[PDB]
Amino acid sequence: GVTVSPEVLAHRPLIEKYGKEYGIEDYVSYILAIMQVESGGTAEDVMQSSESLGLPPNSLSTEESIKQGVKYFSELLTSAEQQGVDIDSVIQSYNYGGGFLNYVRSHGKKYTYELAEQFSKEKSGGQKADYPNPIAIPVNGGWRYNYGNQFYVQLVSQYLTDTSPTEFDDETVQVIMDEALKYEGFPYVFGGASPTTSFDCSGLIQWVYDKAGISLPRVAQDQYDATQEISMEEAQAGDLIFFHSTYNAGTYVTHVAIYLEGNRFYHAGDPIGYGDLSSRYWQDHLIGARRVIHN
């Protein structure tokens, strides 16, 4: 998740210009990551987009290069959308050409390094070249097929930074669960938010997250509103899982639990302990996972 060079960030206003023009201002981080890999903001053909236009290498000015680079990336996005293939296939197609999208589509519709490698093997006629790149050395000794770059997605991914809310580290998860397990076996108490009174689902969350140094609201619906939506596949230990029609609370959100992993959760159910998401009752009442915002 390396931030790009200042000479790449210097081209950012021009990037956002053709970004909004080709309706892909959302993907400006990918254009910066591609530019860092292609030239480092050093070359005049800063996107190395001359070839995509049928021109010999470095035939475009800095402005020409950014316009065509963004245009070509948006055409690849569009073709990928039609074919039902993912963003890493788009990134690889900037390097390999649009034919890589059709290749991935016919082989499971998801980018894999093995697909990038086999596409290069075929297009190069099996010709290999030494590649003294620290990304390549631990993978195959440091070589590549003489067609594009089979490591292109790994190179471009180095300069992509995930700024989305980060999950709790292992130490904080242990602080949360050490506190939560002190009340294991305790009875469910509607309106309870202390060991003295015992707890309700949201009262357990508020008390346990406070001991971990996290301030959260008191009501499940408020805790839902104060946290950010995440897919079940990206959910981690310490994230919260919310449920809808478990009882008449007068709000959409009625139930909340501490997510652990897989189908496991901890919550003030009756008695206070662990539950299984995979169960018919919880699967039918499941809203989804939400993340507590912290650094």
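All residue numbers are counted from 1 along the displayed sequence.
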- On average, which has the higher Cα B-factor in the deposited entry, 219-227 or 148-156? 219-227
- Higher of the two mean Cα B-factors (158-166, 91-99; per PDB record) comes from 158-166
- Using the entry's values, work out which of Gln236, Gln48, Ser245, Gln36 has the largest Cα B factor. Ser245
- Could you tell me which one of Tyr188, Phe73, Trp207, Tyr131 shows the highest CA temperature factor in the PDB record? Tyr188
- Temperature factor at the Cα of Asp178, chain-ranked in thirds, falls in the lowest
- The third of the chain into which the C-alpha temperature factor of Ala136 falls is the lowest
- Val104: C-alpha B-factor third of its chain, per the entry, is the lowest
- Note on the structure: The third of the chain into which the C-alpha temperature factor of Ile241 falls is the middle
- CA B-factor placement of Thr196, once the chain's modelled residues are sorted into thirds: highest
